[PDB]
Amino acid sequence: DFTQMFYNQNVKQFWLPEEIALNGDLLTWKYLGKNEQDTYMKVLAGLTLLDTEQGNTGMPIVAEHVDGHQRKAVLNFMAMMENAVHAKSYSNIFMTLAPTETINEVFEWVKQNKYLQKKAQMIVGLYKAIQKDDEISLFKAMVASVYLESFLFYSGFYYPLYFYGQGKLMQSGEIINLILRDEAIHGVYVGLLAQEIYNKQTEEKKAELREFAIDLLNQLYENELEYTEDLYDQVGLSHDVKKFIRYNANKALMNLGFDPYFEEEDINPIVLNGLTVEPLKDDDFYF
Amino acid sequence: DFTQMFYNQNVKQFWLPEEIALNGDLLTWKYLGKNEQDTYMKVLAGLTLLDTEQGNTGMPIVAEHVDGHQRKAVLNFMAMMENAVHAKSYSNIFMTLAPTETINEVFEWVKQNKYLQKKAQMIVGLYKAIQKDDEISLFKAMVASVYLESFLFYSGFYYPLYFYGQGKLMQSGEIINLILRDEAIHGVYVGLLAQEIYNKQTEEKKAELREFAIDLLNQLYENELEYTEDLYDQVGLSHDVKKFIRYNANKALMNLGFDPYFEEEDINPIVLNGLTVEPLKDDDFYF
Amino acid sequence: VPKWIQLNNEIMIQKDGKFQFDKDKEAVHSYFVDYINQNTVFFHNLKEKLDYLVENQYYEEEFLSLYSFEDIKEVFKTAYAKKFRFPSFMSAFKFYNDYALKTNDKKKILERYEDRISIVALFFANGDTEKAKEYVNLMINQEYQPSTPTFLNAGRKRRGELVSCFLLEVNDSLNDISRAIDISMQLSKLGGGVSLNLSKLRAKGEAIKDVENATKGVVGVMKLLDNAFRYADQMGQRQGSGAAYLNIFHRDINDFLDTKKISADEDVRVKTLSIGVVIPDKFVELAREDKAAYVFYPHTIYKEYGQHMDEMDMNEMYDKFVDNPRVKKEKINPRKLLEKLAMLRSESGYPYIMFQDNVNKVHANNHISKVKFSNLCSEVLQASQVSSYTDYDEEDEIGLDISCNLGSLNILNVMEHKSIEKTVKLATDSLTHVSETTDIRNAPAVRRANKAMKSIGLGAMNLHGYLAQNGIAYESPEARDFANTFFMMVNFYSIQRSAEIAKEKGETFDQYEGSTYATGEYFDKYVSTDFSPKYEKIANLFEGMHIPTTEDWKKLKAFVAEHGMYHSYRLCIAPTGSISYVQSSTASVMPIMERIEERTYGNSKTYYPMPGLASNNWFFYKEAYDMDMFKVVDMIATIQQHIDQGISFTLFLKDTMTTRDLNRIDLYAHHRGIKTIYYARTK
Amino acid sequence: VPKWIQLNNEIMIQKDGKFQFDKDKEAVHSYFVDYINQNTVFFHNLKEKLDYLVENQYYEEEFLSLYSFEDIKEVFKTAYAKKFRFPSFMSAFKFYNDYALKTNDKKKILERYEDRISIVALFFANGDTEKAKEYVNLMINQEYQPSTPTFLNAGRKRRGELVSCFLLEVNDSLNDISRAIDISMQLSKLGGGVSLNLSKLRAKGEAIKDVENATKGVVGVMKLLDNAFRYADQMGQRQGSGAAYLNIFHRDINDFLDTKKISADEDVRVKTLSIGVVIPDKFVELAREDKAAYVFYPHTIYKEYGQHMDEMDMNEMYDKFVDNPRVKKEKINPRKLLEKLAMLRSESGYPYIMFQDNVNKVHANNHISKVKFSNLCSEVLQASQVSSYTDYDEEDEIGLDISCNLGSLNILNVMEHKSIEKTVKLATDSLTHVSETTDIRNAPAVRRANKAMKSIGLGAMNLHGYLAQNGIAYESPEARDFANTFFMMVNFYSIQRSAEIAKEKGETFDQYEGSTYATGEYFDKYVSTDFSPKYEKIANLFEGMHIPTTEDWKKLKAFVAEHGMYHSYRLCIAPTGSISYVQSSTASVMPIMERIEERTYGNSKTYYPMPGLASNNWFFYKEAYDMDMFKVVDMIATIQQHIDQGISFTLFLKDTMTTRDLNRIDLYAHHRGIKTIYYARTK
Ligand SMILES: Nc1ncnc2c1ncn2[C@@H]1O[C@H](COP(=O)(O)OP(=O)(O)OP(=O)(O)O)[C@@H](O)[C@H]1O
Ligand SMILES: Cc1cn([C@H]2C[C@H](O)[C@@H](COP(=O)(O)OP(=O)(O)OP(=O)(O)O)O2)c(=O)[nH]c1=O
Ligand SMILES: Cc1cn([C@H]2C[C@H](O)[C@@H](COP(=O)(O)OP(=O)(O)OP(=O)(O)O)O2)c(=O)[nH]c1=O
Ligand SMILES: [Mg+2]
Ligand SMILES: [Mg+2]
Ligand SMILES: [Mn+2]
Ligand SMILES: [Mn+2]
Ligand SMILES: [Mn+2]
Ligand SMILES: [Mn+2]
């Protein structure tokens, strides 16, 4: 009921890194404090590292196990955007703002970071556990994928959106907004594929899949809170970032056809500003 | 030395079938004989099948086994083109020119056609035989992919080109030329990756790989002859198409770094005729 | 999670292998004591509450000014004296979430059930304190439920119209199409559902001013109307809902039906517009004989004969149209069209089916016009006349649109109180008042028809509930016997009240003299046949209640001939969905879909057992999907013989049923005199 | 492949290194001798042909009856006395495939070029045989070309409206929105382009009847308008065309622009509706200073001040709106908005840009109203007054809706004949006749404004063709000098004709007394500045023609003060799309897009060299994409100082130009006085 519509929306959102000139960001970048520059670098590396997993494994593995030519095509298109567009865009932002040695060090740090690794490996673990012709394992991976697309990225997206809403780092903020817009539709689409599997299950199996999804969400959420304090306490933003995580967790759940888990909260206004045919047989007419 | 330039070429060649309005072909289509329309539908259906498998299976699987994020980005982009752009374009052509029943019948015809099933069996079999960290199985699949890109498509491409060259079906022909332009660069790129693997081997191993490539080509060739006769005898063109596929077989071999195998012949001259954002600065408001 | 919600969820927790039905009373009590009493605004006296509500632009002061405060206090005491208690959590939840008046911030509760009942009764009485007390007793006893628009909006300053169902005739012209779009938007702005008849529009490929192939057909107008309804979606609180009806013999029938195919292109697909089909007996006859049929171009027929195709008798004019060279027609397969309808209903539940000859063989106002289409709920069947909207600065020929204000009898409560006559007459009075006080100043045909025809719809609900609570199977012959007797009595007393109103006001409805009531042909079956219960068990249910006999019907016929009738149409059984929870009743006359209803409100799931459900009546609360649709058709046909308008008839289908089964159900309903089929619901 | 197509295709076959331009005369000769002379319906004499045309519902008999047949015969002989020959195949092909009258079966040619010109002249003269002969000479000489509607439909019974440009003001109400949809459909049905001003509609998220967040914004109305224009497709041969204009300070401006993004969701995309933006000087000032700007919710402003936001001076009211708490506004980046506009214009060529302060600082009728928006072609700039469409049975408050009938002077032929004054006056008379003979029956404001304002649009075409055929570069100072002198003379003689018409009829346009013509403020620059050519080469082109001086302008100013002015608007330079081929002239005052125009008609492709193109003048026929857009802006601003309305100004951009280049071009146009920017065409 939905793949051709998503095909259309995906292809009409096509864009390339070269379209946004990045050099003019240096005119606001130079005015940020060390903590602001540090947080931005770390957030950016976090997003980059997670998105690479999605391009190399997440989207291609789902495309492999999903049946249907049109679904495989949409999924291929999404994988292309991760690898050919998003990955180049993140690299471009980095190369503009930091010298080569600084980029290498930030990636070394974020690669060793406990909270980034915990979530990255949790997601990758579920992708690696998909078994041929087993729709339950596929569903679990789709849940992981939706959580990445619609939830885990947002502790990171917060900061570029926060600057973007203030008139700072506008070129890279425009790029991030385009990336985020792609991840939103990716999350919604994979969510619909997961609901299709979920709806084919018994009531007991459904309850079991719901428990899986909520348990996974809880593990990721508790790690996000730690990840958030680790990055944002130094710039005083953690309280507001936490509200943004919960709001996006609720969107991820709704993508999977589940009820919101967290109470509704208002979001930081600066970030908001950034954002069976059968024939009649001639006797059916007589009674 | 080459991936970056292929990346740039692939992304700059990006297109969608909807860019080309097809209602202009309606009259030249109406005017073709029943035999001509039948061959044309079947030819494009055979192409659709090849692109379906190249997009669903061939390109993603090669992407999985090839090392390097940039090489993977090129291969992922090529995969997207196969199933999200190329395979879909044929349906745009079908939906314009043909009634639903004729469309349904031709897709049923691909399922039961023995030559089309044989060529799919052979090519996809090699894709699915790739073993992780086994460069020889990967080489064999890349040879199969080059043969699909640079040889197998051409029994199909002949007919749209033959019409384009006579000023007939020129909108459909424009789509086909764009597809052909893509496959030419896809065949070169995969050819270069295959040569990388071949060049790592002992002379004895190389001799075996040439045997594999030539045996596979001959087996595919013999099947393609029967396919060509089956499609083109009713329009009187089988001998001409055969010359064309031999011509392109030599190009496939060359893409693999091998000498031409068939002698040169005169191809129908008709078929030969068928072939930013930047910010506003303060000074921009003064003159 | 709220404590009351936890108590309600204990319903499903089986104890001793039995549902804990008593947990719902505890759930409702906890809900009240913990939320409703807390969030209910406090007023020292009724005088202060009334002053606060009037001054703060909550109530209309005009209707309250017709009573001395002593009378208002007496009415409110009458409402409160009953000490009404909601029997289930869902009833109180629905009332206090949908109909209970809340502060402008939707934070506190300003109205209780008694307050709303008293305000509605005072609005109905129009300055009569004794009449207001009678209305309060009727509503608090829950014998009568005013439709959701009337119940919610009566006596409120910031209210929509009390009438929520409108039917619009569209003439074949650009002026008429634009006026139809404007009227639909105006009526949806008021919250009412709008049904449009598109049978007079010429088919795709017809000439516009002697230029051929210029017309877009009914599908272009359908896209216009769908966008108009989407735009005027009631400020976003309720998406604009409209229905389009096309005669099956219209050439655009296949394109019209294809707008509801899932595979339909977004350009042709209509998303928010319901579609119904009007099937004359001629189409069913053609399909039965497997003969090749023809669909006609309406404008060619209009030019050849000077009348619209849907204004003519198809059963007589079909052969003439087929034999006329100046009439353009397209060959079709009638059985293929029937099967397409069945498959489309299976996939999406559309289109609605209106059996035109079933509607008009008993239609009392054929002199005014034949019934050509139905409403968005498929229970409104009245004569309409198309308006002629001309160019600016010219005079418009205003016709007759359709609108009726609805009310539902609570069958269980009416039978328990043995008050069929009193309840029916009071409901008729309230519906007449609602019609009289209604004035739409942007739908000239609707306003004119409301003033001229004085049409009301008196429905019924809790038929399955009442039968199950009395140990009667919905599909049993005893249930049909009870429905026959009860609805015969309802029709008798509604006709008597209409005649009494006509005598009191000394005025009938426009063109009454030509109606079957005036000539007496309406009462033929009532004066010649008896409708008293044929089963002793059913006859006992009516003990203490006088069942009108043939002599009573003859006396009523004479009375109507002497005084006439005030209402052109009186009875129509609308779906009555939202207010069924408040009334604690089964929706309309349909069988229950599920014994216990599982709903999600926020993140909390609520459990609603069927009203009166228990261990001893579990078997009688049979779900609709498990019933024989032929028996449901028999029940609806038994009821429909006493309803002057239609009955909103939903078909409940199992997923195993083929399109042939749906077609057989449709053909049996047409055979059994069914007028409209509302929805094809599949399980 | 027809012989004429073969000859025409020989144009591109270079012989001796040069194009065979002489093949076009052979191509047109063969085209005529082998197709047109064969397929021309034969009549023995003019009397028989005219009788056949009138009898068969081809020609209206109302205008023909005003002349004795001797007069009609004399006019037709005058048309044929010139022995007019089409100089190129494309001109004759265009005429005989678009404008030549063909039988109802479209197989034969009833009208030649001379017959069409004679019919148009007889229609214009309104009974004056000498006036008709003057019109015949004017059109056969191709000095004046009536617009496509007037030229094609004049004297035809089946003819549509002779006016094709309509501007509608939409008031902020459901009644007004419905009336706007109806009027748009009615005017599209007539084949005219309809432009709507959406700046008065309240933004998305505004309250309807003290109900907050209920309004859908201008995008829902835009969806309604898009569907209405799609439905009224004018038989589908020419899809319904509508334009929506929104002020840049409107809240919905970002959503208004997002409707044209390719990435936009289909439920928001508006396929058939062109969009223009109205940019006051305040926005440009805010972007220049990089200051944060605000977009306002129009209804809050209307409630606070009792007047619409677009009815106020933003340069005076922006600070008050920002400082007023009761006014709702949200912050935006003016430079980001300008960049978004440039990006959207590069991607799709939209929106049209109207510089409101550039338009209104020279507007002569600011007392009637300021120019708030433009038309579908972006050159109509007139005062409009919104209408108040009330409920049914309530009287409507009809305002002023803009419309003008178009005509184009052929600059090359007007200069060759040295007949600027006579051609301008005859064109003004013909435009006045067309305006007086127009009566729109479903657009009350359009008809009232046509009666009151008597606005006409007299454009010009072949500026680039004339300049190239005279050894003058389009971007050169001499080209601007000639344009200045020529359009100053055109304005002088059109004002003189308007004043003479006012004197002869004794009436001026409504509210003329408050105009700048009446007070003399219009003539300040003409009485203070001399507009004679400053180059000897340009001054020689005007030899034999009297160039008005400051004394002549003083005399004209005194004459206008004495007698007034008949037309509120006289001059507007429309694109003149397809009628330029018939005149063998370049389109409007824009530079040519291509030296040789390659087009495919049927299955054969045709080549159209620019008129007068040859080896000697090949270099002077520089293509627009190769031109400096700053010099094009300079030329258009030079012309615009003598045009009271706007000029359709297309921007021709190379693919290598960034969004900054487009933004700089727009900023330079605003700096140079450019009123509107039509399209961003990229090579
Ligand atoms: N280029 C053209 N434009 C318009 N009409 C043309 C053209 N060429 C030919 N005709 C029409 O076709 C007729 C025959 O053309 P042709 O050149 O053969 O005429 P002719 O006998 O030489 O003399 P004349 O030019 O006086 O007609 C012309 O009289 C004119 O009616
Ligand atoms: C104007 C117009 C009408 N129609 C359809 C809708 C109407 O039901 C039908 C008649 O339009 P009308 O408004 O009645 O046009 P008309 O009265 O001038 O022409 P006629 O004398 O033939 O009646 O044409 C379109 O489909 N598209 C259009 O653009
Ligand atoms: C009725 C309606 C109006 N509107 C918009 C269109 C109009 O420009 C705007 C005003 O509607 P109006 O028709 O003017 O509503 P109103 O005058 O009764 O209420 P108010 O005086 O507060 O304005 O609201 C919607 O978006 N949706 C709707 O359903
Ligand atoms: Mg009509
Ligand atoms: Mg209003
Ligand atoms: Mn990504
Ligand atoms: Mn993604
Ligand atoms: Mn391909
Ligand atoms: Mn390929």
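For the record, the sequence lines run as chains A, B, C and D. Sequential numbering from 28 applies to the first sequence in the working numbering. Sequential numbering from 28 applies to the second sequence in the working numbering. Sequential numbering from 1313 applies to the third sequence in the working numbering. Sequential numbering from 1313 applies to the fourth sequence in the working numbering. Beta carbons are placed, not taken as given, at the ideal position from N, Cα and C, and that holds for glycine.
(request) Spatial neighbours of A:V173 within its chain, please: CB distance less than 8 angstroms, with the 5 preceding and 5 following residues excluded, ordered by chain position. (result) One-based indexing of the first sequence puts residue 173 of chain A at position 146. Closer than 8 angstroms at the Cβ level, and outside the excluded window around A:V173, lie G214, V217, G218, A221, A279, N282, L283.
(message) Which residue marks the beginning of the alpha helix (DSSP H) containing B:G218, and which one marks its end?
(response) Indexing the second sequence from 1 puts residue 218 of chain B at position 191. Residues 197-225.
(message) Residues of chain B with CB closer than 8 angstroms to the CB of D:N1975, please, in chain order.
(response) As a first step, residue 1975 of chain D must be located in the fourth sequence, where it is residue number 663. By Cβ distance, chain B contributes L307, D311.
(message) Counting C-beta neighbours from all protein chains within 10 Å, is the total for C:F1381 16 or more, i.e. buried, or is it exposed?
(response) Residue mapping note: residue 1381 of chain C aligns to position 69 of the third sequence, counting from 1. Exposed: under 16 other Cβ atoms inside 10 Å.
(message) I'd like to confirm the pairing. Which residues does DSSP put opposite A:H266 in its beta bridges?
(response) Here residue 266 of chain A corresponds to residue number 239 of the first sequence, with the count starting at 1. Paired residue(s): none; A:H266 is not in a bridge.
(request) Mark C:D1538 as exposed unless 16 or more other C-beta atoms lie within 10 angstroms of its C-beta, in which case mark it buried. (result) Your numbering for residue 1538 of chain C matches position 226 in the third sequence. Answer is buried; the Cβ neighbour count reaches 16.
(request) Would you mind sorting B:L299 into buried or exposed? The rule is 16 or more other CB atoms within 10 Å of its CB. (result) On the second sequence, position 272 is the one that residue 299 of chain B refers to. With fewer than 16 other Cβ atoms within 10 Å, it is exposed.
(message) Quick check on the burial criterion: 16 or more other C-beta atoms within 10 angstroms. Buried or exposed for B:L302?
(response) Sequence index remark: in the second sequence, residue 302 of chain B carries index 275 (1-based). Exposed, since its Cβ has fewer than 16 Cβ neighbours within 10 Å.
(request) Drop a sphere of 10 angstroms on the beta-carbon of B:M197, count the other beta-carbons inside from all chains shown, and report buried for 16 or more, exposed for fewer. (result) Reading the second sequence from its first residue, position 170 is the one you call residue 197 of chain B. That one is buried.
(message) Pop quiz: D:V1607 and D:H1562 are said to be a contact at Cβ under 8 angstroms. What is the actual Cβ separation, rounded to whole angstroms?
(response) The residue you call residue 1607 of chain D lines up with position 295 of the fourth sequence. The residue you call residue 1562 of chain D lines up with position 250 of the fourth sequence. Indeed they touch by this definition, with Cβ atoms about 6 angstroms apart.
(message) Looking at chain A, is there any beta carbon in it that lies within less than 9 angstroms of the beta carbon of C:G1548?
(response) Residue mapping note: residue 1548 of chain C aligns to position 236 of the third sequence, counting from 1. No, because no Cβ of chain A sits closer than 9 angstroms to the Cβ of C:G1548.
(request) Could you say which of D:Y1893, D:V1901, D:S1900, D:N1915 lies nearest to D:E1909 if we only look at CA atoms? (result) Against the fourth sequence, residue 1909 of chain D aligns to sequence position 597. Looking at the Cα atoms, D:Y1893 is the closest of the given residues.
(request) Flag C:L1779 as yes if its beta-carbon sits less than 9 angstroms from any beta-carbon of chain D, otherwise no. (result) Working through the third sequence from its first residue, we reach residue 1779 of chain C at position 467. Output row for C:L1779: interface = no.
(request) Using a cut-off of 8 angstroms between C-beta atoms, extract the partners of D:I1574 located in chain A. (result) Working through the fourth sequence from its first residue, we reach residue 1574 of chain D at position 262. The answer, in chain order, is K39.
(message) Determine, for C:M1947, whether the minimum Cβ-Cβ distance to residues of chain A falls below 9 angstroms.
(response) Position 635 of the third sequence, counted from the start, is the residue given in the question as residue 1947 of chain C. Not an interface residue.
(request) Could you tell me which chain C residues have their CB closer than 7 angstroms to the CB of A:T303, listed as they occur along the chain? (result) Here residue 303 of chain A refers to the residue found at position 276 when the first sequence is read from its first residue. Those are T1970, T1971, listed as they occur along chain C.
(message) Rounding to the nearest angstrom, what Cα-Cα distance links D:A1899 and D:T1888 in this structure?
(response) Counting from 1 along the fourth sequence, the entry for residue 1899 of chain D is found at position 587. Counting from 1 along the fourth sequence, the entry for residue 1888 of chain D is found at position 576. Whole-angstrom Cα-Cα distance: 6 angstroms.
(request) Run down chain A in chain order and give the residues with a C-beta less than 7 angstroms from the C-beta of D:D1577. (result) Your numbering for residue 1577 of chain D matches position 265 in the fourth sequence. Correct list: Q36.
(request) Can you list the residues near ligand 3, meaning Cβ strictly closer than 5 angstroms to any non-hydrogen atom, in the order they appear in the chain? (result) C:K1501, C:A1544, D:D1484, D:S1485, D:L1486, D:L1513, D:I1520, D:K1521, D:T1527, D:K1528
(message) Less than 9 angstroms between CB atoms is the rule here; does C:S1660 satisfy it with respect to chain A?
(response) Mapped onto the third sequence, residue 1660 of chain C falls at position 348. Taking Cβ atoms only, chain A never reaches closer than 9 angstroms to C:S1660, which makes this a no.
(message) Check whether chain A comes within 9 angstroms of D:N1645, counting only Cβ atoms and requiring the distance to be less than that.
(response) Residue mapping note: residue 1645 of chain D aligns to position 333 of the fourth sequence, counting from 1. Yes, contact with chain A.
(request) Find the nearest neighbour of B:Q228 within the set B:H266, B:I163, B:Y181, judged by alpha-carbon distance. (result) Against the second sequence, residue 228 of chain B aligns to sequence position 201. Residue B:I163 is the option with its Cα nearest to B:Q228.
(request) Check B:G152 in the structure and name its three-state DSSP category. (result) By 1-based counting over the second sequence, the position of residue 152 of chain B is 125. If DSSP states are grouped into helix, strand and coil, B:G152 belongs with the helices.
(request) Establish whether the CB of A:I47 and some CB of chain B are separated by less than 9 angstroms. (result) On the first sequence, residue 47 of chain A is found 20 positions in, with the first residue counted as 1. Yes, contact with chain B.
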